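Residue-level structural notes
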Number of protein chains: 12
Amino acid sequence: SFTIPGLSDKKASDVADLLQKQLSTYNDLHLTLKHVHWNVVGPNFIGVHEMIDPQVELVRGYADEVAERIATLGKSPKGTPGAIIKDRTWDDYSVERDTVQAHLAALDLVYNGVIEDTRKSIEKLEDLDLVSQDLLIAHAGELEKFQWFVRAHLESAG
Amino acid sequence: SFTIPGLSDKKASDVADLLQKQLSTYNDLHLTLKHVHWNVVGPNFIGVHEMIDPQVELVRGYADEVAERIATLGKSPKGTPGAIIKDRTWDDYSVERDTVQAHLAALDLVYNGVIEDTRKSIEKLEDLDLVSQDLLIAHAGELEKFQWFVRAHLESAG
Amino acid sequence: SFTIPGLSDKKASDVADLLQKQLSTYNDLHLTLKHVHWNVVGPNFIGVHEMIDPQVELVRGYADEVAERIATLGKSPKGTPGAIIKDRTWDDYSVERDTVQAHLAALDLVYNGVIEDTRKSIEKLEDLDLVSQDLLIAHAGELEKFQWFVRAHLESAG
Amino acid sequence: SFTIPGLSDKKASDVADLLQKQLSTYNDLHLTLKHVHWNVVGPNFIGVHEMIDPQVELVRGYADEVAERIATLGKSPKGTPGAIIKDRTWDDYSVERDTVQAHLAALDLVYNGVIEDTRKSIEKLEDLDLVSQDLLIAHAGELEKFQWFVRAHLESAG
Amino acid sequence: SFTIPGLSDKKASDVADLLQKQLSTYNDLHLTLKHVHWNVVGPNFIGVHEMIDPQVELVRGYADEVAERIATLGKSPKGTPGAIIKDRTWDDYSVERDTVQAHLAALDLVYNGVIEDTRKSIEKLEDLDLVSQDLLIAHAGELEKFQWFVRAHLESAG
Amino acid sequence: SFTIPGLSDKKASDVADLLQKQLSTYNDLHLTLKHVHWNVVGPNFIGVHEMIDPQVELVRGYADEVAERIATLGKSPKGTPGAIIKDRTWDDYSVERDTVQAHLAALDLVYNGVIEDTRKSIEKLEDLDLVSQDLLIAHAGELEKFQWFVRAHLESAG
Amino acid sequence: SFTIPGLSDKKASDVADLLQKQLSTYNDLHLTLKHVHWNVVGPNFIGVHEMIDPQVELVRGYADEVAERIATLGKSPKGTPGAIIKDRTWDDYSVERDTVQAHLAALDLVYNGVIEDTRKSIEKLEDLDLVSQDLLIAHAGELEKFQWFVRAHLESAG
Amino acid sequence: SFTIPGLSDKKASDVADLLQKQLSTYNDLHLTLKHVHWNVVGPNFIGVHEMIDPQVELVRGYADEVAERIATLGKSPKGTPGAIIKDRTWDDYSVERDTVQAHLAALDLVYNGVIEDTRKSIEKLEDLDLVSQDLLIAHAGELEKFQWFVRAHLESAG
Amino acid sequence: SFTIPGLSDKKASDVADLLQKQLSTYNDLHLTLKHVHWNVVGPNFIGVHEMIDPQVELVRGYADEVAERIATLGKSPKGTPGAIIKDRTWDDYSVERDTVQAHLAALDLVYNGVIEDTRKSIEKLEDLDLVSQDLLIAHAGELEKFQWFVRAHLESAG
Amino acid sequence: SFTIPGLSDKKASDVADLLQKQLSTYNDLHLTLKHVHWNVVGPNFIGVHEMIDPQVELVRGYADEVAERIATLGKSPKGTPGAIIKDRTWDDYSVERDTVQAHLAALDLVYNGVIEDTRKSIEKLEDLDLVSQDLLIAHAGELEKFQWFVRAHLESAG
Amino acid sequence: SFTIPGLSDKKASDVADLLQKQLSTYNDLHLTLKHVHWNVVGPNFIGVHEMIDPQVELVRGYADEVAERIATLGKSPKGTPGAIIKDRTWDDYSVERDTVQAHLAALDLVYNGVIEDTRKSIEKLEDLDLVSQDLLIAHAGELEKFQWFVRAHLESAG
Amino acid sequence: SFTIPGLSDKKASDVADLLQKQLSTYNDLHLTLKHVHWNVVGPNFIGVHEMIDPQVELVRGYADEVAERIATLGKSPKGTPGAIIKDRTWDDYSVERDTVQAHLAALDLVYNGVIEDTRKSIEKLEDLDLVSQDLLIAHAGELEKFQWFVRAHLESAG
Ligand SMILES: [Fe+3]
Ligand SMILES: [Fe+3]
Ligand SMILES: [Fe+3]
Ligand SMILES: [Fe+3]
Ligand SMILES: [Fe+3]
Ligand SMILES: [Fe+3]
Ligand SMILES: [Fe+3]
Ligand SMILES: [Fe+3]
Ligand SMILES: [Fe+3]
Ligand SMILES: [Fe+3]
Ligand SMILES: [Fe+3]
Ligand SMILES: [Fe+3]
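Residues numbered from 1 in each chain as written, not as in the entry; some residues may be left out. Chains lettered and ligands numbered in written order. Heavy atoms only, no water. Residues with missing side-chain atoms left out of burial classes, pairs and counts.

Its PDB record attributes the structure to X-ray crystallography, giving the resolution as 3.98 Å.

Below, the structure written as structure tokens:
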């Protein structure tokens with residue numbers, strides 16, 4: 001029944017609730033990333049196929065980071081196939097084996113919903129815990145950037 | 001509509017169906033592993049906590065391996081939070097934050113069901129595809145071994 | 001008689017005074033960490049013994065970081081056995097050779113006083129220098145986390 | 001006039017004859033791989049160009065492996081430009097500088113004939129030498145997989 | 001015509017304009033750094049000569065960082081010798097081959113103008129995009145620190 | 001007022017003048033390379049995007065090399081945004097965010113003017129300084145090669 | 001009183017008995033290898049002397065591997081100087097300091113008895129446990145290969 | 001019939017006799033170490049299990065060291081399962097699979113007999129060969145230290 | 001229908017023709033090297049066996065180098081088992097499994113014809129392309145050197 | 001209530017008392033080293049600044065070494081800010097931010113008092129424990145050496 | 001009585017004579033370099049002291065290179081303290097322990113005589129052996145460059 | 001006019017005189033080692049050729065070690081081709097290009113005179129400086145050992 005020295009047992013628990021969501025969000029994300037890492041096919045196959053691994057090994061990186069943070073706060077992280085399917089507010093990636101274009105486009109949107117939920121979770125944190133914030137921010141930086149990669153693959157002449 | 005040169009489009013598809021199951025099995029496993037990696041607590045905490053990461057980075061290693069194998073065969077791997085919750089025949093890890101003992105014991109059983117399902121999938125493969133077999137075997141070796149680690153933490157004087 | 005281009009010679013000096021405290025705090029901490037790294041004994045000895053080195057090589061890491069920051073500001077860091085025993089507001093670790101439990105519990109508290117003093121120093125910095133803040137924050141993240149490690153070694157069934 | 005303790009001087013010699021074929025097969029393969037590594041051109045050039053080196057450094061890896069195995073058996077490996085052009089049952093890669101598509105498609109077939117000849121050589125080995133089998137199998141795993149890479153570059157919407 | 005999910009197409013474009021400036025600032029800086037890396041001469045030559053490379057390989061590091069961030073936002077980074085000479089509000093380093101003292105002193109000032117422009121750009125960002133802020137801050141930390149190095153080479157007895 | 005033991009103070013100064021040009025040429029090149037590294041977009045994005053970094057970290061490599069050579073000769077290298085915009089005889093890259101094709105084609109030409117100016121500078125050096133030649137040659141090898149990469153991305157069926 | 005999920009407590013114990021023998025076999029082998037690593041002398045000394053270390057660091061590698069496997073099965077590995085001298089069916093290496101030729105020839109035979117005992121143990125395992133087989137096979141591959149090395153040092157013109 | 005230039009053919013042979021003993025002592029030790037590395041079981045299993053490998057890879061390190069030293073002296077090292085069982089004056093480790101406590105305690109004693117025999121061999125060497133002494137000393141340092149590790153696992157409140 | 005900016009479409013094609021020969025020469029060489037790497041036997045076996053790999057991993061290094069150079073020029077490299085057996089003007093290595101002496105001597109000659117053909121190709125290049133020269137030269141340095149190694153194995157008292 | 005097998009519980013305790021002093025001596029030293037690492041300023045700043053880190057990471061290296069040695073003996077190491085300020089017989093470094101010359105000179109003396117106290121502690125040990133001696137000696141070698149570095153910065157023409 | 005295939009037994013022997021001189025030149029140089037590496041003293045001591053090692057480990061690098069080249073040619077390299085003192089045409093470094101300035105100035109001249117003798121040996125080689133030329137050139141590049149380092153330590157305001 | 005705190009200005013100078021000799025001894029040694037590294041020829045060439053480099057890079061290692069020690073003491077190391085030819089009491093290696101046997105035998109003796117001179121210098125040091133002793137001892141260990149290597153190449157059947 002402990003907690004970080006400097007946080008009201010209430011603010012603390014509200015942050016937890018926030019991350020627990022982020023965590024399930026990442027677990028879906030990184031599992032989905034690997035999903036496309038497998039079912040992508042096209043002329044510029046390798047390019048993308050390989051481009052995903054890092055973003056994956058990275059998102060999973062944000063999982064241990066967030067969870068290990070939750071436990072630190074006092075609450076107990078949940079990362080079983082169950083907990084995830086519950087906390088999420090979407091339908092798992094609908095694409096099977098398809099073209100590069102297909103996935104990237106679909107992925108574009110997945111990140112939209114991930115960057116958005118994050119941003120909100122950040123702004124909401126500036127009043128709760130600043131630490132758990134610099135943390136979430138950092139992720140945004142790479143999440144948003146990676147998205148760019150996805151997107152740069154779909155543009156026209158400008 | 002291709003396939004490995006030397007496999008009947010039927011034997012090939014039957015192997016696929018087999019791995020697709022294994023894959024979902026691993027995804028649960030490795031996600032669950034990380035789950036305990038987070039909610040374990042006790043006197044000999046670190047010991048276990050750290051002991052899990054490798055088995056994890058390893059099981060996820062068997063995921064890319066199996067899936068990338070399925071696609072090679074012709075069928076299309078499915079590794080979304082959805083596909084997994086469906087192909088599985090159990091209830092995701094029921095333990096929240098608990099003692100070392102607790103998890104390890106619980107994990108003991110999880111591996112039972114994983115090693116068993118595997119063994120059977122191996123024997124069943126000796127008639128289908130020998131390659132997709134040496135593959136599944138290798139895993140058993142480490143899966144089984146790791147279990148031992150878990151178990152060695154629960155024994156008595158002999 | 002210089003200073004960072006953008007800081008009033010007063011705000012600058014007030015930040016210095018703040019870090020100079022943090023610095024002595026770390027020096028005690030990391031010297032103390034190594035202290036227990038030596039006098040710990042018990043059944044799960046190695047676990048802890050080894051678990052400490054990183055947190056140590058890390059806190060000493062925050063020493064060079066903070067001090068090199070102070071000098072940058074204009075004031076002069078003080079890190080002799082003297083300066084530390086003075087800036088501190090506690091009694092150096094009272095434990096000699098004792099059980100794992102003993103130290104970890106005692107250490108739990110030491111970190112309380114370190115995370116607390118830090119948190120306050122952060123909030124107090126948002127008006128002074130934002131840079132010297134992202135800096136202090138970052139540390140909190142790992143300081144707080146490590147504490148968790150210590151703590152996870154002391155819990156019950158929930 | 002020696003041989004592995006446990007193999008009839010006849011079974012031994014029959015395995016040799018088998019590998020000696022595999023070896024020349026690899027030598028053609030890896031030399032051919034590098035061939036396209038050079039004459040590929042197109043929009044997604046780099047992707048493929050670079051994708052080939054590893055499969056090459058790998059096939060050449062299977063050369064030393066096989067040959068050093070043959071010598072172990074008692075017979076004498078032959079790997080001169082001559083020996084290869086003789087043991088082979090095909091016409092060296094007919095493509096000069098051409099598109100990505102071109103080579104990959106052409107390569108698809110080359111691997112067909114390599115995976116096929118291998119598979120048969122495996123099944124034929126289960127009665128001769130089990131060791132020289134796990135060996136050939138392993139290769140199949142990567143050979144077959146790489147082919148997939150080639151192929152994934154040629155598919156449609158499903 | 002896209003943008004980060006959570007930023008008004010206006011706030012987004014205003015941040016871009018801000019970085020685009022920073023970027024040209026860095027390009028001048030790092031090109032200038034290397035400039036002195038070449039024309040420095042004196043008794044304690046090596047010391048400085050070598051001290052610069054890291055700060056260089058680092059500033060160029062902040063270039064890719066900032067620009068790849070701008071593109072992510074939607075606008076298009078400009079980093080040609082042209083774009084830079086335009087966005088800047090100073091006269092390129094006036095020193096040719098000269099003493100250590102000479103450059104360092106001159107460099108002192110260059111950093112003044114870089115840290116200042118940065119600080120302002122940070123404060124101005126707290127209302128626009130927090131992500132693009134933690135980013136700029138981080139740089140300040142090292143920029144400011146390095147300056148210290150330069151400066152520590154010019155002091156008296158206190 | 002020194003110089004390499006074996007070079008007439010005149011030949012020496014004429015070589016300097018030659019490199020000083022090369023240097024500014026590289027600085028434009030490498031800055032431009034990074035420019036496209038940022039504004040490229042298309043289906044085979046990653047491929048190219050990543051393909052550029054090495055050639056960049058390499059050209060910047062030829063910068064330190066050439067300049068540090070000039071200083072060795074006696075003259076003083078100039079590598080400020082200024083010096084470059086002056087010594088050059090072209091208009092900085094005209095392409096903003098555009099397709100892969102676009103840039104590569106445009107880049108094709110940029111290298112034309114760089115390999116040409118180089119070649120000439122080599123032939124002209126065989127009478128001046130042989131050392132400063134093997135140096136320039138080496139670069140040609142990689143410069144020319146990289147161009148090939150660019151080009152291989154633009155070809156037809158032969 | 002546990003065992004791998006899928007093995008009859010009898011088959012399991014029969015495999016154990018098999019490995020326990022292998023293990024003592026390796027321990028003798030690797031201890032013996034080092035023995036010659038020390039007492040070899042001749043014109044081509046270094047060659048051999050150094051050639052042995054890897055095969056050694058490797059056989060000891062098969063020790064931990066086998067034993068850790070036995071424990072996994074349920075029985076208890078025995079690897080004391082005692083257990084070994086008992087399970088073995090030969091007389092420890094009779095050679096003291098002697099020529100290169102001497103040892104290698106003698107070693108030739110030692111490997112005969114090791115590869116033979118292994119082969120049999122493999123064939124005998126195809127009915128018991130397939131895992132504990134791929135394991136023993138793999139070793140054969142390198143054991144047999146190394147022998148070749150030994151042997152290649154003793155041949156004539158063909 | 002040679003010897004180190006500076007040692008009486010008698011002193012030399014007496015040192016040899018001394019090391020030859022040490023060597024067999026180590027071989028038992030390191031073989032025994034691995035023995036427990038396998039049969040240890042308990043709650044804090046991993047801790048110890050892993051703690052042993054280094055001390056092992058280390059003692060085996062002192063084997064090559066000592067033996068290669070003996071050969072240097074002129075006599076011929078003996079390191080076969082035989083030689084060891086003879087030179088030793090004890091009964092090989094009596095513990096099978098048992099608790100952590102069990103082994104460590106038992107191991108405690110084993111090291112007693114190893115550090116003791118060593119110490120004496122050192123003092124006895126100060127008159128014979130100083131080199132072969134700094135050598136034996138060094139080992140003591142780590143041997144004794146490791147023992148401490150074992151021991152720290154068995155203590156009470158002081 | 002392109003070419004290096006600075007080479008007459010004729011000089012360029014004449015250089016190509018020259019390398020294309022060198023390339024086939026290397027392919028034979030490195031394939032032959034590995035050939036002896038396998039069939040060498042004798043007292044000082046290891047010495048040579050291992051001495052070859054580097055020279056091999058090196059000549060294959062000169063293959064990619066030369067070919068990738070040819071393509072750069074405009075012509076299309078040919079490196080199939082076919083192309084090689086044609087461009088060559090000798091009979092592939094006639095030695096099967098034989099002594100160390102045998103091969104080395106035979107190899108001595110092979111290098112004679114490779115160094116000679118090279119030297120000529122160099123002198124012939126000083127008028128064509130200087131770049132494609134420094135390249136060929138470099139190789140000679142190591143080719144010639146390695147030969148020495150071969151040779152040093154065959155000498156008498158002087 | 002244990003101790004190294006071969007040391008009288010009295011000699012053992014007398015050695016402890018000796019090291020415990022050394023330890024506090026090092027802790028001051030290394031903390032002081034870092035102190036100057038921060039407050040040094042001058043023309044040849046970097047030179048020294050960087051020259052200190054290694055000696056620091058080294059002295060701290062001698063801390064863990066000594067302490068871990070004390071515990072091995074039986075007594076309990078003390079390394080809190082307290083214990084140190086007590087065991088020492090001097091006044092912590094009196095220099096704040098000053099010139100290079102200043103510190104180095106001051107440091108010269110500090111090492112005098114450290115090398116002296118050490119030397120004496122060595123001679124005094126030759127009768128107590130030889131192991132704890134080779135240990136202290138080794139340090140002297142580097143301590144004394146580093147001093148030289150300090151000193152070489154203060155000399156005249158001879 | 002052999003020689004590189006393409007060199008007249010006379011041209012070959014004349015090149016040898018040339019290198020044999022270079023070699024003794026380097027041996028003096030690198031031995032001398034280390035000489036100053038030891039006897040340098042001053043305020044900016046470390047800077048230089050450390051600056052020399054690389055140039056040393058590099059010149060010794062040119063020794064093995066040249067000699068191993070001579071042997072390749074047919075003649076026999078001579079690198080004993082004797083051979084060197086003979087082939088040289090100067091008096092070994094006259095400086096004992098002195099200031100930084102002292103040595104560097106003195107060294108300046110030493111390199112003059114080394115770069116000069118080299119340059120001449122290069123020009124003289126363009127008619128003999130081109131290979132043994134690119135080799136000597138390369139060295140010049142770094143020799144000359146390093147000299148610059150030495151020199152940059154002695155200049156004034158321009 | 002300084003010296004290690006604890007050494008009489010006389011004892012100190014007598015040690016210096018001792019090392020200064022050792023140093024010249026090493027310089028001859030390591031220069032000579034490389035000498036044979038070049039002129040060795042025979043059937044088992046490579047073996048030895050390569051066996052020497054390490055002992056060389058090692059002896060040169062003992063050079064910097066000893067010299068940097070002398071300077072520490074107060075006197076000034078001398079390591080020019082001159083100083084060496086003077087301090088030595090032998091005739092530089094008399095062997096030109098010869099057989100493996102030749103050199104090794106010759107080298108055998110060289111080491112005799114080096115190990116002997118060393119041993120004596122050690123015994124003589126036990127009364128002067130213990131530090132400068134552990135130092136010299138250490139070397140003996142490897143010097144003596146390496147000799148063994150040389151020697152093991154010359155023995156008979158026992
Ligand atoms: Fe973790
Ligand atoms: Fe993958
Ligand atoms: Fe620092
Ligand atoms: Fe091989
Ligand atoms: Fe980038
Ligand atoms: Fe540079
Ligand atoms: Fe193990
Ligand atoms: Fe060894
Ligand atoms: Fe390539
Ligand atoms: Fe430690
Ligand atoms: Fe060499
Ligand atoms: Fe040194």
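So that's the structure; there's more coming.
Superposition record for chain I on chain L: RMSD 0.0 Å, screw rotation 120 degrees, translation along axis 0.0 Å. What we have between these two chains is a three-fold relation. A different interface surface on each copy is seen, since only 8% of the contact residues of chain I are contact residues in chain L too. (Least-squares fit on C-alpha atoms. Contact = heavy atoms within 4.5 Å.)

Right, let's talk about the side chain of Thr72(C) for a bit. The topology assignment puts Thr72(C) in helix 2 (residues 45–73). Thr72(C) sits in the buried class, given a relative accessible area of 3%. If sequence neighbours within four positions are ignored, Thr72(C) has contacts with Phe2(C), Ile4(C), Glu144(E), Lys145(E) and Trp148(E). (Helix = DSSP H or I, 4+ residues; strand = E, 2+ residues; numbered from the N terminus. Buried < 20%, exposed > 50% of the residue type's maximum accessible area, 1.4 Å probe, protein only.)

The next thing to look at is the coordination of the iron ion (ligand 4). Looking at the iron ion (ligand 4), the protein donor atoms are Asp64(D) (OD), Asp64(D) (OD), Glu68(D) (OE) and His37(I) (NE2), and they sit 2.2 to 2.4 Å from it. Here the iron ion (ligand 4) is ringed by four donor atoms whose angles at the metal span 55 to 135 degrees, and the overall shape comes out irregular. One end of the pair, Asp64(D), is in helix 2 (residues 45–73); the other, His37(I), is in helix 1 (residues 9–39), on a second chain. Take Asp64(D) and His37(I): they sit in the same class, and that class is buried. (Donors = N, O, S within 2.8 Å, 3.2 Å for Na, K, Ca; no water. Tetrahedral: all angles 85-135°; square planar, octahedral: opposite > 155°, others 65-115°.)

Residue and element names in this part refer to chain I. Considering all chains together, one arrives at 168 salt bridges over all chains under this definition. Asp129 is the partner of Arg69 in a salt bridge, and the nearest nitrogen-oxygen pair spans 2.8 Å. Note that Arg69 is positioned in helix 2 (residues 45–73) and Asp129 in the loop between helix 4 (100–123) and helix 5 (131–152), a separation of 60 residues in sequence. Using a relative accessible area of 5% as the deciding quantity, one classes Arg69 as buried. The exposure class of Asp129 is buried, given its relative accessible area of 0%. (Salt bridge = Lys/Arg side-chain N within 4 Å of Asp/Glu carboxyl O.)

With that out of the way, let us pick up the interface of chain I and chain L. The partner chain L presents ten residues to the 13 residues of chain I that form the contact. Taken as a group, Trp148(I), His153(I) and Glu155(I) account for 41% of the area that chain I buries against chain L, more than any other trio of residues on that side. At the junction of chain I and chain L, the tally comes to one salt bridge. One salt bridge in this structure joins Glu155(I) and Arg97(L), with 3.5 Å as the shortest N-O distance. (Buried area = accessible area lost by both parts, 1.4 Å probe.)

With that settled, the discussion passes to the arrangement of the chains. Nothing in chain B touches chain F, and the closest approach of their C-alpha atoms is 21 Å. In this structure chain D stays clear of chain K, and the shortest span between their C-alpha atoms is 24 Å.

Residue and element names in this part refer to chain B. Where helix 1 (residues 9–39) contacts helix 4 (residues 100–123), the two axes come as close as 11 Å, and the packing angle between them is 165 degrees. Put simply, helix 1 runs roughly antiparallel to helix 4. For the pair helix 1 and helix 4, the crossing hand works out as left-handed. The segment helix 1 lies against helix 4, with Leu18, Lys21, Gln22, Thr25, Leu29, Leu33, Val36 and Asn39 engaging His103, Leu107, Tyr111, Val114, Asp117, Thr118 and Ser121. The class makeup of the residues in the contact of helix 1 with helix 4 is seven nonpolar, six polar and two charged. (Axes fitted to C-alpha atoms, helices over the stretch in contact; angles between N-to-C directions. Parallel < 35°, antiparallel > 145°, perpendicular 65-115°, else oblique. Left-handed = near helix turned anticlockwise from the far one by under 90°. Nonpolar A, V, L, I, M, F, W, Y, C, P; charged D, E, K, R; others polar.)

Under the UniProt annotation, "binding site: Fe cation 2" lies at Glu68(A). Position of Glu68(A) relative to the elements: it lies in helix 2 (residues 45–73). If near-sequence neighbours (up to four positions away) are discounted, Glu68(A) is found in contact with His37(B), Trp38(B), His49(B), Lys145(C) and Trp148(C). A polar side-chain atom of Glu68(A) sits 3.4 Å from a polar atom in the side chain of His37(B). (UniProt positions renumbered as here; feature names shortened; annotations may be inferred. Polar contact = N/O pair within 3.5 Å; in protein donor to acceptor, adjacent residues only side chain to side chain.)

Before going further, it helps to examine the coordination of the iron ion (ligand 12). Distances from the iron ion (ligand 12) to its protein donors, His37(K) (NE2), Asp64(L) (OD), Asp64(L) (OD) and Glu68(L) (OE), fall at 2.2 to 2.5 Å. Taken together, the four donor atoms surrounding the iron ion (ligand 12) define angles of 53 to 133 degrees at the centre, an arrangement classified as irregular. Pair noted here: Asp64(L) and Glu68(L) are both in helix 2 (residues 45–73), with a separation of four residues, about one helical turn. Owing to a relative accessible area of 18%, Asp64(L) belongs among the buried residues under this scheme.

So, on to the side chain of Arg88(L). Topologically, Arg88(L) is positioned in the loop between helix 3 (81–87) and strand 2 (98–99). On the basis of relative accessible area, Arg88(L) is assigned to the buried category, the value being 12%. Within polar-contact distance, the side chain of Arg88(L) engages the backbone oxygen of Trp90(L) at 3.4 Å. For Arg88(L), the side chain forms a polar contact with the side chain of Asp92(L), separated by 3.1 Å. In contact with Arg88(L), not counting residues within four places along its chain, are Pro81(K) and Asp28(L).

Our next topic: a negative patch on the surface. A surface patch of like charges, here negative, comprises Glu123(J), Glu126(J), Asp127(J), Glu123(L), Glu126(L) and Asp127(L). Here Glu123(J) lies in helix 4 (residues 100–123). Since its relative accessible area comes to 53%, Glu123(J) is described here as exposed. (Patch = residues over 30% accessible without salt bridge, like charges linked within 9 Å, V, L, I, M, F, W, Y side chains within 5 Å. Areas by Shrake-Rupley, 256 points an atom, 1.4 Å probe, with all protein chains shown as cover. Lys, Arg positive; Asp, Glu negative; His and termini not counted. Charge placed at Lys NZ, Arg CZ, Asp CG, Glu CD.)

Under the UniProt annotation, the feature "binding site: Fe cation 1" is placed at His37(A), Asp64(A) and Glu68(A). Look at the named residues: they lie 32 residues apart in sequence, and the longest C-alpha span between them is 26.7 Å, so in the fold they stay spread out. Judged by its relative accessible area of 1%, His37(A) is buried. Not counting chain neighbours up to four residues away, the residues in contact with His37(A) comprise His49(A), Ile52(A), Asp53(A), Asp64(B) and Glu68(B). Its relative accessible area of 6% is what places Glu68(A) among the buried residues.

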